[PDB]
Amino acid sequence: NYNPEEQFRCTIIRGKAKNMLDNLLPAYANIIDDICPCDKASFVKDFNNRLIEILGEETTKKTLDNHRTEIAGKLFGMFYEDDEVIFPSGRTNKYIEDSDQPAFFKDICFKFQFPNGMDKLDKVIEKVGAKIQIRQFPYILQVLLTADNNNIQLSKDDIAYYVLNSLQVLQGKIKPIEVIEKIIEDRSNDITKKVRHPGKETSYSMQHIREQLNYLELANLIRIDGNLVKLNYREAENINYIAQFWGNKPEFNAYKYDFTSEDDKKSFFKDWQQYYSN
């Protein structure tokens, strides 16, 4: 009954800090911790002017704004806003104190879900319209554990097509054992699947899938060896704990908000930030 042919492009925010993460992530945190608490007006100027010193003088304001709202704001959840006052988030405060970067992204993986409050309301509607609800990273880990238990190795393409771009999987309809069995079957029929969209480049189809795996790698839970995806068994204790929630519905219920309203539409993005950043 599990049919991977039903595909759905479910994206996360495009990354901007993978290359120089060891500088940018401390930069993000230290900038936020220093200038906050403060109103939104002061935050915009103070953040960008301090950040421009790291990214460069030739950096456009739009790029600086994008770093602030997409990465430090939404994807990493390093701050939040309450009554026009921007505070450093709980994840930032912990990172400031222990400097634990794997635990920073381990927390990101444990709480990341579909749908979420990172997307525009436009894309959120399509997420909720397709009855999408999943904790993908617990699911990814459980799939990897099941793969090893069946003596097979998964690639990035296997993860892409059969999990992170599979509609039924993203709806929480499919058990990981069903996915693995389907993969073993396709291989016996000499079938290799890939995520590709006609008239689009690899970035459109794969960048958000690769980068999702990147953060799982930064959490030190897996390793990307060429084209293969392997668990870090030195962190097996954390792998098994997180993997438990593969069949658990998202802890943040995005199916209780009316997006025809503006009361819920405003609280939706506020409540997500509270859940994700704290």
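The first residue of the sequence shown is number 1, and the count goes up from there.
Higher mean CA temperature factor between 145 to 153 and 80 to 88: 80 to 88, per the PDB entry. Mean C-alpha B-factor is higher over 195 to 203 than over the other stretch, the pair under comparison being 160 to 168 and 195 to 203. Of the candidates 230, 50, 210, 67, the deposited coordinates give 50 the top C-alpha B factor. Looking at 27, 218, 38, 239, the one whose CA carries the top B-factor in the deposited record is 38. For residue 214, the recorded CA B-factor ranks within the lowest third of the chain. Only modelled residues enter the ranking.
In this PDB entry, the Cα temperature factor of residue 186 sits in the top third of its chain's modelled residues, the highest group. Ranked against the other modelled residues of its chain, the C-alpha B-factor of residue 127 as given in the entry falls in the highest third. In the deposited entry, the Cα temperature factor of residue 267 places it in the highest third of its chain's modelled residues. Looking at the C-alpha B-factors along this chain, the one for residue 11 belongs to the lowest third.
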